[PDB]
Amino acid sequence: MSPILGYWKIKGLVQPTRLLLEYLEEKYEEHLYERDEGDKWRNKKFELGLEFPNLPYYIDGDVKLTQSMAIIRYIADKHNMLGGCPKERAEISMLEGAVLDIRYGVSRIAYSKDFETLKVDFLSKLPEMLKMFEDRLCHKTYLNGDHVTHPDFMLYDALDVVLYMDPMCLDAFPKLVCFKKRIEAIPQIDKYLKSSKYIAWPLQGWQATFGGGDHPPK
């Protein structure tokens, strides 16, 4: 039957996976845990059949899975989007890891009380990481050419997130700005972002120093 995706009701780690499932027009069900609901999770945690229990989880009936990169690579694998030969596979994993540098970079420093002095240091590395993708897109429509791969939806969620932290970071990167409007003009993604299912905030878990609460940026 329909797979289950389970996570906190935040963007977090699972947001690139939802956009991929949306692009692909795949049916899936979500178990969302709200913030008062830690207890729900800790009870179900061990009775779900996961060998490495954690959130997000993905259950299929062929598969019971818990790492967010194992889940989005599996859904893309199932649709033949993962690579092709070792070299194409490795290219897509290098794109994957270069956007995890920007995204887990926000996460490292969110939740520290020192976020504000941490902000300034992260933001001075960010333009060199951004220039690498701006140059990649110089001749491509999507990160690996004319076709959408799962790293495209990971880079859309990282640009969405560093723009709350500094609204001006993409001025200077015009290809990156068009790539963001290009993902939003994909009709399945436009429909989802206007949906009742879209979760616009928080970015991080509700207790972070940046991207938490039920708010406003920085």
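Residue indices: 1-based, along the sequence shown. What we label the rigid core is the largest C-alpha set whose atoms superpose within 1.5 Å from one form to the other.
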{"query": "Greater Cα displacement in 8 other deposited structures of this protein once the core is superposed, comparing 38 to 46 with 147 to 155", "finding": "38 to 46"}
{"query": "Residue stretch of maximal mean CA temperature factor, 102 to 110 vs 88 to 96", "finding": "102 to 110"}
{"query": "Between 38 to 46 and 52 to 60 (mean CA B-factor, as deposited), the higher", "finding": "38 to 46"}
{"query": "Per the PDB entry, maximal CA B factor within 135, 116, 77, 128", "finding": "116"}
{"query": "Selection by C-alpha B-factor (highest) of 152, 171, 160, 184", "finding": "171"}
{"query": "Third of the chain's Cα B-factor distribution that residue 208 belongs to, per the entry", "finding": "highest"}
{"query": "For residue 33, the third of its chain into which the C-alpha B factor falls", "finding": "highest"}
{"query": "Relative C-alpha B-factor of residue 191, binned into the chain's lowest, middle or highest third", "finding": "middle"}
{"query": "Modelled-residue ranking by C-alpha temperature factor, third containing residue 81", "finding": "middle"}
{"query": "CA B-factor ranking of residue 123, expressed as a third of its chain", "finding": "highest"}
